[PDB]
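The structure under discussion appears below in the form of structure tokens.
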Amino acid sequence: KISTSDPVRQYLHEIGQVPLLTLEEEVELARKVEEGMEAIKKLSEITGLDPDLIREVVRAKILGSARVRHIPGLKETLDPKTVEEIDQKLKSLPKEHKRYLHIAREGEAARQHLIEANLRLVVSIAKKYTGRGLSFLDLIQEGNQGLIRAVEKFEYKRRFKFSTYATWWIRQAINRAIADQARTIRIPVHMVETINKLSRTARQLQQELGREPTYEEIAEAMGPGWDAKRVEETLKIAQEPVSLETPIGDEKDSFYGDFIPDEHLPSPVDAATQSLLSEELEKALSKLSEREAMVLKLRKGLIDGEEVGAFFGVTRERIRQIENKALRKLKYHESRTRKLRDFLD
Amino acid sequence: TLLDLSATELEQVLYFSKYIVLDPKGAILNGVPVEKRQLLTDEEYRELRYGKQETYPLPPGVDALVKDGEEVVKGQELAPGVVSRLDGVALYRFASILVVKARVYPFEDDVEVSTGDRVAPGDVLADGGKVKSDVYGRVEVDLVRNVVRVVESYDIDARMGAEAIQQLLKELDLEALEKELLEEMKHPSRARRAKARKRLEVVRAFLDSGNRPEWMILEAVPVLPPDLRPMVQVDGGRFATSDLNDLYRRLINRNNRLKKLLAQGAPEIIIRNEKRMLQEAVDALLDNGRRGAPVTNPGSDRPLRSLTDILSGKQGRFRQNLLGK
């Protein structure tokens, strides 16, 4: 029905059913998580296999079958033959090392469980970074990627709980998304925190003057290197795009795009121009000595192009010689039979 | 119509949210057998894969009448203050107690079956062939209390979303449903025969001439040309771009966030939450408004234009809406 309520119902149902007991429940999952890490690393040690493969082979058996490996990540890991062969090596590990996969499997089990239980925390957080230019669901989910980031670095040894820790790792993820995505034209996190301060500073300024501040006053208030040219520009880049398709004039049936002209495409006038221009620019090119005419024609007309480096073997005295003598003979006869005189464009 | 699924609501049921339709097979019951094509709720579904789980409190200071491994008694008061549901074993951290439906197979010699393996009655679990598992389900090799508990959920293909429908759509041998309907058509009464004509129509064309039906599910979204969704310099520093580009971003961002969510690790509430968003977005570029209406940001509570409606506006009923060169 309405996509907010059933998700809320979805995880709020789960936090309600699985609120994590303050100290205990988080303590267990957390320590289990860390033993998974160590386990995985000592596994890489005894197997010569990378931790990325241990995290993923143990994730496959605990989180999903062939299904999850084949569709999400295309295909470099045969889910069956590859993952089960990995599981093989793990079994071979005697009573000693085997203990580490057995631990690793739960290590992650515990992991996902904690992420589920705190989805509430995200939504409650995410709830306030609402009208920033991001969808409630979008906000909630990047905040979610934030809580996961948190689960990776949480050291239970340091007594503080995951609540205060997820708060920060989440607010960071959210704020980064808001800056990095909210707009059409991308703008780095600096122009973002920059422009927000301008508007912030603005509001404060209006509190006094009853005069929407001249850019002079925004420069000041902002600080060290702020000048008119800066505020004006920022206020321009901050100006988001206009929708190419807006109801125009009377709202009836008027799209905005019909009004915008075309600028690469040569209107018929231009097609006619470059027709004669090349037709007769080509006539002059053939009637001239190819030596320095083609040199300057191709070193200025074909690809981009330097006097000395312009002529093949002959130096600059014959370049300047023919360039300036052919170019003028060409121009003074073009003066007689005025074809080019009418400045083509 | 083609896939015989309640045409309207059975789809929006699995499609946009999580009501999972049992695709190939699912041995464990609800009360009855495997619902080849029927759909169930996440609440009952949850009841189907972990087994059963019900944890309960302790007043500050009371002791439980049951021990660590003493199987909870069907319909027993685990500790003063609570009344636990039927099949289980009793567990307890220093506040609450926890019930479990799978039977405990205490092992003292090391457990070699690994957590997660699919198990059927007999599959070795621990202490060599001594500890054999007698029930169907996943494996949970707990080692605090040295034990091997076997959950009861056999592999049940519970799937939701276009994933589920893509499957169902590939598995159909239209020529079977054609013959099957041809006879449901002419023989029974008009009620079920009539609705069968209607369902035979689509299947006939698919097969007749043209292309096959697996393609109705999208996994590769074509993107309209760029010069057709310009980015242009207007006046002063203002840029104007085709609404479509704001939808495309949506899709792209969600699609990406998805991938990163799969690789990072995957709490499944979070993967579906986005798989939904993703679906909605996939709609948006195609056709906006048949379900929920997208708006870039305050200024225009105006539905972002969309492919579908660009084409329509072309020749649709209005005075000549946008008809004329």
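Observations, loosely collected:
- Least to most buried among B:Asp227, A:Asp304 (fewest other Cβ within 10 Å first): A:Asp304, B:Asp227
- Sorted ascending by nearby beta carbons within 10 Å, beginning with the fewest, B:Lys74, B:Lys275 become B:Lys74, B:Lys275.
- In the distance distribution for the range A:1-183, Cα-Cα pairs more than 25 Å apart total 45 percent.
- Here the mean projected area of the convex hull built on the C-alpha positions of the range A:119-171 is 3.3 nm².
- In the range B:141-293, the C-alpha radius of gyration followed by the widest Cα-Cα span (Dmax) gives 23.7, 75 angstrom.
- Measure of compaction for chain B (Cα Rg per 2.2 N^0.38 Å): 1.40
- Using C-alpha pairs under 8 Å with a sequence gap of at least 6, the mean separation divided by the residue count of the range A:55-212 gives a relative contact order of 16 percent.
- Whole-Hz ³J(HN,Hα) from phi, Karplus 6.51 cos²θ - 1.76 cosθ + 1.60, for the range A:53-64, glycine and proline x: 7, 6, 4, 7, 6, 6, 5, 4, 5, 8, 9, x
- Backbone phi angles across the range A:121-127, fed through the Karplus curve with coefficients 6.51, -1.76 and 1.60 (θ = phi - 60°), yield HN-Hα couplings of 3, 4, 3, 4, 5, 2, 3 Hz in residue order; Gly and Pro are listed as x.
- Size of charge dipole - the protein assembly as shown - debye, nearest 20, with Cβ of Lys, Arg +1 and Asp, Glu -1, no other charges: 1520 debye
- Exercise: per-residue mean of other protein chain Cβ atoms within 10 Å, B:256-265: 5
- Per residue of B:235-244, other chain Cβ atoms within 10 Å of the residue Cβ number 5 on average.
- Dividing the radius of gyration of the alpha carbons in the protein assembly as shown by their Kirkwood radius gives 1.10 for Rg/Rh.
- Debye-sum result for the range A:31-138 in log10 I(q)/I(0), which assumes one identical scatterer on each alpha carbon, at q = 0.12, 0.13 Å⁻¹: -0.53, -0.59
- Once the convex hull of all Cα atoms in the range B:1-149 is built, its volume per residue stands at 149 Å³.
- Taking the Cα atoms of the range B:53-100, the ratio Rg/Rh between the radius of gyration and the Kirkwood radius comes to 0.90.
- Diffusion of the range B:12-83 by Stokes-Einstein, at 37 °C in a medium of 0.692 mPa s and with Rh set to the Kirkwood radius over alpha-carbon pairs, works out to 213 µm²/s.
- Rg/Rh for the range A:241-345, where both radii come from Cα atoms and Rh is the Kirkwood radius: 1.27
- Computed over all pairs of different Cα atoms, the Kirkwood value for the hydrodynamic radius of chain A is 28.4 Å.
- Per residue, the convex hull spanned by the Cα atoms of the range A:1-90 amounts to 133 cubic angstrom.
- B:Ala90 long-range amide H proximity, modeled H, under 5 Å: B:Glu70, B:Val72
- The alpha-carbon of A:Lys153 sits under 21 angstrom from the alpha-carbons of these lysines, leaving out residues fewer than 8 places away in its chain: A:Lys32, A:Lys41, A:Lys42, A:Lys161, B:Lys260.
- Per-residue mean of foreign Cβ neighbours for B:296-306 is 3 (Cβ atoms of other chains, 10 Å radius).
- Its Kirkwood hydrodynamic radius, worked out from the mean inverse distance over all distinct Cα pairs, puts the range A:77-182 at 16.0 Å.
- Counting other Cβ atoms within 10 Å as a rough exposure proxy, the listed residues B:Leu3, A:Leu101 run B:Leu3, A:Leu101 from fewest neighbours to most.
- Selection from A:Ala202, A:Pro72, A:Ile322 lying farthest towards where the dipole of chain A points positive, charges on Cβ: A:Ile322
- Taking amide hydrogens as placed 1.01 Å from N in the peptide plane, the amide H of A:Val242 sits under 5 Å from those of B:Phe239, B:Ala240, B:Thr241, each at least 5 positions away in sequence or on another chain.
- For the range A:213-221, 3J(HN,Hα) computed residue by residue from phi via the Karplus equation (6.51, -1.76, 1.60; θ = phi - 60°) reads x, 6, 3, 4, 6, 6, 4, 3, 2 Hz, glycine and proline entered as x.
- Beta bridges from DSSP with both residues in the protein assembly as shown: antiparallel share about 90 percent, rounded to the nearest 5.
- Close amide H partners of B:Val135, meaning residues 5 or more places away or on another chain with modelled amide H under 5 Å apart, are B:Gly122.
Only the coordinates and a few stated rules stand behind these numbers; no lab work does. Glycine gets a Cβ as well: all are built from the backbone with ideal geometry, and neighbour counts include every protein chain shown.
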